[PDB]
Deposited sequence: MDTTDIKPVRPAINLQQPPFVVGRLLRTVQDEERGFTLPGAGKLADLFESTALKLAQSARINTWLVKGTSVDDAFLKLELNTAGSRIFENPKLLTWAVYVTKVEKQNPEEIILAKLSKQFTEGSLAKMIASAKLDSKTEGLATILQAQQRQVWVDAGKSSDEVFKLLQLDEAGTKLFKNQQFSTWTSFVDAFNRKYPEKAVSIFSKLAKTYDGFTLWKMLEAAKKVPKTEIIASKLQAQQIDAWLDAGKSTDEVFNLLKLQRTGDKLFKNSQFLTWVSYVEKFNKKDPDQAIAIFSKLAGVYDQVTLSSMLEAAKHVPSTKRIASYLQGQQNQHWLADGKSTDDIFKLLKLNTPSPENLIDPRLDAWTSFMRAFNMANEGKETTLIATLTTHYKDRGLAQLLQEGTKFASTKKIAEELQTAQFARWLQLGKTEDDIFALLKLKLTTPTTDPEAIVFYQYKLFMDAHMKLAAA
């Protein structure tokens, strides 16, 4: 206020001005005192070293650190706190304090999994920066310390979580990058980093864990570094999961944008390995349990895993290429499948596919040259069969189709 304007006229000592404000009897709550802002202003006008010295004879360095840290949080003392944090940093640097000791100073020992939440974290990192540019010969990475304090997985989680809050979003990602590289230089195998990230601890929920993408990112850098040791990433998964559950996981993962691109590739790998083993489209059809007559498997992801494999099988064996309605006719029967699709047409979930499938079954019949009494025979119909029965409907719709395709009947 106008106090300063009086003290300047008189010539009052900064010490006396500090005393006249009773700031020597102010507790840990010192910064909230506007009298401190006014005195700190008075001191600037005759610098930053002095404020910090006087505060350093009334507050322990560690405690002062916290006070300044939380002092940056108040809009009214943002400036002062920063200048003081810089002076304090400069002092620690000159005094030659280790990064380990500043770490103790700020009591980050005792913040565990909560470190990046701790408000005095940036205090310590800014110190490590300053120390590293003043003492390059004995310079030490921030990360090397974190990595020395926490095991790989805990550190990973802390980081992964810390980039969610923007205040630290940048730094966390930076450190995440360093962590990966730190594994590379440490000569860790993809298997070690695999177990390290606890991906064993995951079940059929592997591609649902974000650390899996981290491990993939690791293995594709590991493969480029040392390709005399490069690994088949599908071969590990194949050594630790069933073909059925692995198929399920892969087809699910293929529909999440994050994992879409690695899941597609890996399912390709599965296809190709199934082909090299001698599995046929019918082998895989049975494998994926598609021959058990649940009607829900008409929209099943198992079906997409299968049509994927079918696609793969065909481009190998040209000329001898299979079909979905062909395979469904093979495992269920003509009658069986007719029943199946007709039932499918009732439920909303399966109504498009079944219809799409039904006419397919009709087309196969038409080209095979099946006549009305042939299908009547092969649906095992009787005269006293209700027209409302599944097959008795299918049969009719086939007659409408056949009657609407007199031209193609050449086949």
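- Unmodelled regions (deposited sequence positions with no C-alpha coordinates, counted from 1) are 1-57, 104-107.
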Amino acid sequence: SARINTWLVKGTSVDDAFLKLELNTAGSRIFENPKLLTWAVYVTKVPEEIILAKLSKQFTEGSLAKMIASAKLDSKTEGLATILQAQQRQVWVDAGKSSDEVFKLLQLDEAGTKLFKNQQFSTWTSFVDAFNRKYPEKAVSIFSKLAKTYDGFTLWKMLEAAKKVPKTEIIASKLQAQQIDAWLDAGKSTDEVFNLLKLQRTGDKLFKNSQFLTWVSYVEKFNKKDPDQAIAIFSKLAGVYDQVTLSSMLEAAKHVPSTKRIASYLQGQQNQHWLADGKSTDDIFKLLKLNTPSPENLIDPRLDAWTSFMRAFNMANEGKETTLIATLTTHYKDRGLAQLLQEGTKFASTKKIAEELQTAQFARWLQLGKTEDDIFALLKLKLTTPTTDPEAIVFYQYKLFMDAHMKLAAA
From here on, numbers count along this sequence of modelled residues.
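- Comparing the deposited coordinates for 216-224 and 106-114, the stretch with the larger average C-alpha B-factor is 106-114.
- Averaged over their C-alpha atoms, the temperature factors of 74-82 and 188-196 are higher for 74-82.
- Highest CA B-factor among the listed residues (363, 377, 354, 51): 51.
- Taking the PDB entry at face value, the top CA B factor among 182, 130, 95, 263 belongs to 95.
- In the deposited entry, the Cα temperature factor of residue 163 sits in the top third of values across the chain's modelled residues.
- Remark: residue 359 belongs to the lowest third of its chain, ranked by C-alpha B-factor as recorded.
- Split the chain's modelled residues into thirds by C-alpha temperature factor. Residue 268 is in the lowest one.
- In this PDB entry, the Cα temperature factor of residue 203 sits in the middle third of its chain's modelled residues.
- The deposited CA B-factor of residue 301 belongs to the middle third of values across its chain.
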